[PDB]
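Please treat every number below as a calculation from the coordinates, not as lab data. We place every Cβ from the backbone using ideal geometry, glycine too, and count neighbours over all the protein chains shown.
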Amino acid sequence: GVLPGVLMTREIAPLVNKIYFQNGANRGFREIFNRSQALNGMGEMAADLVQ
DNA sequence: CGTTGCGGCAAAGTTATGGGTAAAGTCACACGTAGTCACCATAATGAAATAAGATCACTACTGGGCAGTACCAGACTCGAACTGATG
């Protein structure tokens, strides 16, 4: 019952150790939204999201 | 024994009481008795009103994200050219 942006900002991003994750979790996590394609990619960000 | 007063005995006399029978009184039939306020509690609405409830409008306070900007490479693709085998 929460918005996916809210879930990413308040539940996922603090759990991610990356600096930009924590920083953008408090001014609008537009970095993870403008590049939502890479969340499904082969790379490190996709694997981090799965973890 | 003769007389006189006294007392028992049993009709006789006097009141009283509950019955019957003719005969003097008594009284309703005469259009008429029912009829009428006064009385205070209970149901029973209908109106008066509720006390709270419902919504509008305004004022102030405080979370807080989106369109846009920016870099640092890694990696695939391919002009343009080099160079070797060959019929």
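A few comments on the model shown:
- Residue among A:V6, A:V50, A:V2 that is near DNA strand B (Cβ under 10 Å from one of its atoms) and either out of contact with any helix residue (DSSP H, G or I) (no Cβ under 7 Å at 6 or more places or on another chain) or basic (K, R) (or both): A:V6
- Considering only residues in region A:3-29 that are among the aromatic types (F, W, Y) and crowded, with 17+ Cβ neighbours inside 10 Å, the one that is farthest from A:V50 (Cα to Cα) turns out to be A:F29.
- Qualifying residues in region A:30-39 (those that are assigned to a helix (DSSP H, G or I) and within 13 Å of DNA strand B (Cβ to nearest atom)) - the one surrounded by the most Cβ atoms within 10 Å (Cβ to Cβ): A:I32
- Hey, A:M42 in a helix (DSSP H, G or I) and either more than 9 Å from the chain's Cα centre (by Cα) or within 13 Å of DNA strand B (Cβ to nearest atom) (or both) or not: no
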